[PDB]
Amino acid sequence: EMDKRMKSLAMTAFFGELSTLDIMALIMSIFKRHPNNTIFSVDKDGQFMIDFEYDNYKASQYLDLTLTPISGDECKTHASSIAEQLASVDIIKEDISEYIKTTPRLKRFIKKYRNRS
């Protein structure tokens, strides 16, 4: 089930700073857990996001987002965001340590997480 600390941090200290990709990288980094699959989605405001599906939850749930599967037409509309996020996912997977290290908000997040006070 979802980690209560990660959720809290994502919704306060890092409110609005994190993407579903960030959440996937952090889950990988903190918990060594990988998604089962990816879902091409869009949010309330037609922003494209790859969402990540795990055993009992999605990455988007850490951000309290209500996303919807992309339609056929939105595939064309979001082709550029699709290619950038795919490219990022492969980067994250290749060396999660380097990504956390070189992504300032993620590195900060790991610090805030590893310190309950």
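In case it trips you up, residue 1 is the first one in the sequence shown, and so on.
Q: Quick one: say whether 80-88 or 49-57 has the higher mean Cα B-factor in the deposited entry.
A: Going by the record's values, the stretch with the higher mean is 49-57.
Q: Quick one: classify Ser97 as lowest, middle or highest third of the chain based on its Cα B-factor.
A: Ranked within chain, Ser97 CA B lands in the highest tercile.
Q: C-alpha B factor of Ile39, ranked within the chain: lowest, middle or highest third?
A: Answer is middle: the recorded C-alpha B-factor places it there.
Q: So where's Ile70 on the chain's Cα temperature factor ranking, which third?
A: Answer is highest: the recorded C-alpha B-factor places it there.
Q: Can you tell me whether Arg116 has a C-alpha B-factor in the lowest, middle or highest third compared with the other modelled residues of the same chain?
A: Highest third - that is where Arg116 ends up once the chain's C-alpha B-factors are sorted.
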